[PDB]
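Dropping query_16.cif in here (mmCIF, C-alpha atoms):
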data_model
loop_
_atom_site.label_atom_id
_atom_site.label_comp_id
_atom_site.auth_asym_id
_atom_site.auth_seq_id
_atom_site.Cartn_x
_atom_site.Cartn_y
_atom_site.Cartn_z
CA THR A 244 11.79 43.58 -35.71
CA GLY A 245 10.72 44.27 -32.12
CA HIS A 246 13.38 42.12 -30.41
CA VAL A 247 14.26 43.81 -27.12
CA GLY A 248 17.61 43.10 -25.48
CA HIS A 249 19.87 44.86 -23.00
CA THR A 250 23.10 46.80 -23.50
CA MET A 251 26.36 46.08 -21.67
CA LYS A 252 28.97 48.83 -21.41
CA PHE A 253 32.58 48.46 -20.27
CA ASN A 254 35.42 50.82 -19.41
CA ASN A 255 38.76 51.15 -21.19
CA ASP A 256 40.46 48.80 -18.71
CA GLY A 257 37.99 45.98 -19.39
CA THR A 258 35.90 46.28 -16.22
CA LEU A 259 32.12 46.34 -16.28
CA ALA A 260 30.70 49.84 -16.63
CA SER A 261 26.91 49.52 -16.68
CA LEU A 262 24.11 47.04 -17.34
CA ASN A 263 20.81 48.03 -18.97
CA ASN A 264 21.28 51.68 -17.93
CA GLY A 265 21.42 50.62 -14.29
CA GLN A 266 18.07 48.82 -14.27
CA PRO A 267 17.66 45.17 -13.22
CA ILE A 268 17.31 42.70 -16.09
CA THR A 269 13.96 40.89 -15.87
CA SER A 270 12.25 39.28 -18.85
CA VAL A 271 8.56 39.41 -19.72
CA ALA A 272 6.35 36.43 -18.89
CA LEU A 273 7.26 33.34 -20.91
CA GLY A 274 3.80 31.96 -21.64
CA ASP A 275 1.61 35.04 -21.25
CA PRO A 276 0.11 36.16 -24.60
CA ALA A 277 -0.88 39.53 -23.12
CA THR A 278 2.69 40.69 -22.44
CA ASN A 279 4.84 38.78 -24.97
CA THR A 280 4.30 38.92 -28.72
CA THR A 281 5.75 35.38 -29.01
CA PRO A 282 4.51 33.51 -25.93
CA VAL A 283 6.18 30.23 -25.02
CA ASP A 284 3.93 27.18 -25.34
CA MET A 285 4.35 26.14 -21.72
CA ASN A 286 2.15 23.02 -22.08
CA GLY A 287 0.09 23.75 -18.97
CA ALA A 288 2.94 25.20 -16.90
CA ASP A 289 2.84 28.62 -15.26
CA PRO A 290 2.63 31.19 -18.10
CA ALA A 291 3.63 34.05 -15.77
CA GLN A 292 7.17 32.75 -15.14
CA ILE B 147 -27.53 -24.66 -2.12
CA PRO B 148 -27.68 -21.17 -3.67
CA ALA B 149 -25.31 -20.28 -6.47
CA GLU B 150 -25.20 -16.69 -5.14
CA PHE B 151 -25.51 -15.75 -1.46
CA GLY B 152 -24.98 -12.31 0.03
CA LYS B 153 -26.60 -9.06 1.06
CA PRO B 154 -26.33 -6.49 -1.76
CA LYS B 155 -25.24 -3.01 -0.67
CA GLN B 156 -25.87 -0.04 -2.94
CA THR B 157 -23.00 2.17 -4.07
CA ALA B 158 -22.87 5.50 -2.25
CA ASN B 159 -19.25 6.73 -2.24
CA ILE B 160 -16.77 6.52 -5.12
CA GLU B 161 -13.23 7.75 -4.43
CA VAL B 162 -11.14 8.38 -7.55
CA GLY B 163 -7.53 9.54 -7.65
CA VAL B 164 -6.10 10.27 -11.10
CA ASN B 165 -3.18 12.06 -12.73
CA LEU B 166 -4.18 14.19 -15.70
CA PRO B 167 -1.77 14.83 -18.60
CA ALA B 168 -0.60 18.44 -18.52
CA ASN B 169 0.56 18.32 -22.17
CA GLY B 170 -2.73 17.00 -23.55
CA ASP B 171 -4.60 18.92 -26.22
CA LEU B 172 -7.20 21.52 -25.25
CA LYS B 173 -10.87 20.80 -25.88
CA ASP B 174 -14.06 22.82 -26.27
CA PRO B 175 -16.41 22.53 -23.26
CA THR B 176 -19.47 23.54 -25.28
CA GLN B 177 -18.82 20.92 -27.98
CA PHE B 178 -18.53 17.97 -25.58
CA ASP B 179 -20.40 14.85 -26.69
CA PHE B 180 -19.82 11.49 -25.00
CA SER B 181 -20.68 9.72 -28.27
CA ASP B 182 -17.73 11.49 -29.95
CA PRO B 183 -14.36 10.60 -28.37
CA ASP B 184 -12.55 13.51 -30.07
CA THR B 185 -14.56 16.06 -28.07
CA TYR B 186 -12.80 15.00 -24.84
CA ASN B 187 -9.41 13.60 -23.81
CA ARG B 188 -9.89 10.44 -21.74
CA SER B 189 -12.59 7.99 -20.65
CA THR B 190 -12.54 5.37 -17.90
CA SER B 191 -15.01 2.62 -17.04
CA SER B 192 -16.21 1.67 -13.56
CA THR B 193 -18.75 -0.84 -12.27
CA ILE B 194 -21.49 0.12 -9.81
CA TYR B 195 -24.23 -1.85 -8.07
CA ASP B 196 -27.79 -0.91 -7.20
CA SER B 197 -29.78 -1.91 -4.11
CA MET B 198 -30.86 -5.28 -5.56
CA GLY B 199 -27.42 -6.30 -6.81
CA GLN B 200 -27.59 -5.42 -10.51
CA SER B 201 -24.29 -4.48 -12.15
CA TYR B 202 -24.10 -1.27 -14.19
CA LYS B 203 -21.28 0.25 -16.21
CA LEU B 204 -20.25 3.78 -15.18
CA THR B 205 -18.09 5.50 -17.81
CA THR B 206 -16.27 8.66 -16.72
CA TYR B 207 -15.29 11.23 -19.35
CA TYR B 208 -12.54 13.82 -18.84
CA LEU B 209 -12.25 17.00 -20.91
CA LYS B 210 -9.43 19.55 -20.87
CA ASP B 211 -10.82 23.08 -20.89
CA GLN B 212 -9.54 25.41 -23.62
CA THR B 213 -10.88 28.71 -22.24
CA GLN B 214 -9.50 28.25 -18.72
CA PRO B 215 -5.92 27.02 -18.15
CA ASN B 216 -5.29 24.12 -15.78
CA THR B 217 -9.02 23.33 -15.79
CA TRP B 218 -10.67 19.98 -16.49
CA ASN B 219 -14.28 19.01 -17.15
CA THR B 220 -15.49 15.61 -15.95
CA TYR B 221 -18.76 13.98 -17.00
CA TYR B 222 -20.61 10.87 -15.82
CA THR B 223 -22.78 8.44 -17.77
CA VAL B 224 -24.85 5.44 -16.67
CA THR B 225 -25.15 2.49 -19.08
CA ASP B 226 -28.45 0.60 -19.13
CA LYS B 227 -29.98 -1.88 -21.58
CA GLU B 228 -31.43 0.92 -23.75
CA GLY B 229 -28.15 2.81 -24.21
CA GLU B 230 -25.76 5.12 -22.38
CA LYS B 231 -27.78 7.79 -20.55
CA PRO B 232 -25.76 10.76 -19.22
CA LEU B 233 -25.85 11.51 -15.50
CA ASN B 234 -26.28 15.12 -14.39
CA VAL B 235 -24.79 16.78 -11.32
CA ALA B 236 -27.21 18.94 -9.35
CA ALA B 237 -24.75 21.75 -8.53
CA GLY B 238 -21.90 21.07 -10.94
CA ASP B 239 -20.25 24.12 -12.48
CA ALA B 240 -19.64 22.42 -15.86
CA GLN B 241 -22.63 22.96 -18.15
CA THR B 242 -23.18 22.16 -21.83
CA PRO B 243 -25.80 23.28 -24.36
CA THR B 244 -26.81 19.61 -24.59
CA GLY B 245 -27.89 19.59 -20.93
CA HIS B 246 -25.08 17.35 -19.64
CA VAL B 247 -23.81 18.62 -16.28
CA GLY B 248 -20.32 17.75 -15.09
CA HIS B 249 -17.92 19.22 -12.54
CA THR B 250 -14.85 21.40 -13.04
CA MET B 251 -11.40 20.59 -11.64
CA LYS B 252 -8.80 23.34 -11.23
CA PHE B 253 -5.11 22.80 -10.51
CA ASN B 254 -2.21 24.94 -9.33
CA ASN B 255 1.00 25.61 -11.24
CA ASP B 256 2.94 23.08 -9.13
CA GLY B 257 0.57 20.29 -10.19
CA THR B 258 -1.56 20.06 -7.04
CA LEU B 259 -5.34 20.26 -6.88
CA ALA B 260 -6.65 23.82 -6.61
CA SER B 261 -10.44 23.53 -6.30
CA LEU B 262 -13.30 21.08 -6.85
CA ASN B 263 -16.79 22.11 -7.97
CA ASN B 264 -16.19 25.63 -6.59
CA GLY B 265 -15.59 24.09 -3.17
CA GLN B 266 -18.85 22.11 -3.11
CA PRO B 267 -19.12 18.33 -2.63
CA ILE B 268 -19.91 16.18 -5.66
CA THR B 269 -23.44 14.81 -5.24
CA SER B 270 -25.22 13.29 -8.24
CA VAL B 271 -28.97 13.28 -8.80
CA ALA B 272 -31.07 10.17 -8.17
CA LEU B 273 -30.35 7.43 -10.70
CA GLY B 274 -33.84 6.04 -11.19
CA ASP B 275 -36.03 9.03 -10.32
CA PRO B 276 -37.64 10.50 -13.47
CA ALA B 277 -38.55 13.65 -11.51
CA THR B 278 -34.88 14.51 -10.87
CA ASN B 279 -33.07 13.32 -14.02
CA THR B 280 -34.00 13.88 -17.66
CA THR B 281 -32.33 10.51 -18.39
CA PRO B 282 -33.53 8.14 -15.66
CA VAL B 283 -31.70 4.88 -15.01
CA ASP B 284 -33.91 1.81 -15.49
CA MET B 285 -33.10 0.28 -12.11
CA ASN B 286 -35.37 -2.74 -12.72
CA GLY B 287 -37.47 -2.26 -9.59
CA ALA B 288 -34.55 -1.30 -7.33
CA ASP B 289 -34.41 1.91 -5.30
CA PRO B 290 -34.92 4.84 -7.72
CA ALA B 291 -33.69 7.45 -5.20
CA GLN B 292 -30.13 6.09 -5.00
#
Can you turn what I pasted into C-alpha cells?
Amino acid sequence: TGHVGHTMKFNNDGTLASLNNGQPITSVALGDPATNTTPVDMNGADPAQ
Amino acid sequence: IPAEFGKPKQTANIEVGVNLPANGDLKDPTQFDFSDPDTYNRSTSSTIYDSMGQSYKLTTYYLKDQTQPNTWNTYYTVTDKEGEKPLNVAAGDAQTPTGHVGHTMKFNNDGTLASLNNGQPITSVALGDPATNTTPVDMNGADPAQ
C-alpha cells in the first residue's frame, strides 16, 4: 500500500541491534504535497516540517 | 454661534494592524469581486475625510490567496453617493482581470510579517482625479489630488 516504516532489530539477549539499517530516522515533510502522497493539512503552518 | 467649528485636515496616513486567521479558507485572486462576499474572507469599514471635511466610508477587503501559501490580497474601495467605486494602487502587486489593484501581504511560518507590496510603500492613486483613476471619487469640489 506504499506505507514506509523502519525496521528495528534486536540481539538474543534483548539489547538493541540496529535501527533502519544504521540510517537516521527522519520523516518526509508533513504538509508538502510534492514529497508525501498524503500531505497533512497544516492549516497555514509550515508544510516542510 | 456656529454649530460646527474647526479646520478640516485631509487624511494622508492610515496605519492598520490586524491579525489574519491562518485556518481560514483559501480564495481565488482572479475571481475577487467586492460585490460578492464569498470571493474574499473579511471586510472592514473605516471613515476618511477629504480636504473640505466630508465624511466617506472606506471599506477594506481581505482575500486569502490559494496559489501562494501564507499570502493575502487586500483591496480598497471608496464609497460615494453613486455607489462603491474601487480604489486602485499604482504599484500594487495584486492584480485582477476586473482592473482592481490591491496589495499582497506575505507572512513567515512563525506568524510574523514577511513582506509588503514587494518591499514598496503603499501609495494609492488620487481619489478625485479622473486622469489617474478609472473610478474617480466625487469629492464635491474638494481637492481631487488627495
Mind running chain A against chain B at 7 Å and telling me each contacting residue's nearest atom pair with the distance in Å (one decimal), counting only C-alpha atoms, chain and number ascending, as CSV?
residue,atom,partner,partner_atom,distance
A:286,CA,B:169,CA,5.0
A:287,CA,B:168,CA,5.4
A:288,CA,B:255,CA,6.0
A:289,CA,B:255,CA,5.3
Given the file shown, enumerate the residues that the PyMOL selection byres ((chain B and resi 230-234) around 9) captures and present them as a PyMOL selection string. chain B and resi 180+205+221-229+235-238+245-248+270-271+273+279-283
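For the pair atom CA of residue 263 of chain B and atom CA of residue 213 of chain B, the separation is 16.8 Å.
In this structure, atom CA of residue 281 of chain A sits 16.4 Å away from atom CA of residue 269 of chain A.
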Gap from atom CA of residue 195 of chain B to atom CA of residue 286 of chain B - Å, one decimal: 12.1 Å
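For the file shown, the residue list from the PyMOL selection byres ((chain A and resi 245) around 12) reads residues 244, 246, 247, 248, 279, 280 and 281 of chain A.
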Residue subset to file, keeping C-alpha atoms, as a compact mmCIF listing (two decimals), in the coordinates of the input:
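selection.txt, freshly written:
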# COMPACT_ATOMS: atom_id res chain seq x y z
CA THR A 244 11.79 43.58 -35.71
CA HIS A 246 13.38 42.12 -30.41
CA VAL A 247 14.26 43.81 -27.12
CA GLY A 248 17.61 43.10 -25.48
CA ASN A 279 4.84 38.78 -24.97
CA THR A 280 4.30 38.92 -28.72
CA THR A 281 5.75 35.38 -29.01
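Taking all atoms listed in the file into account, residue 288 of chain B lies nearest to B:196 out of the set B:211, B:182, B:196, B:239.
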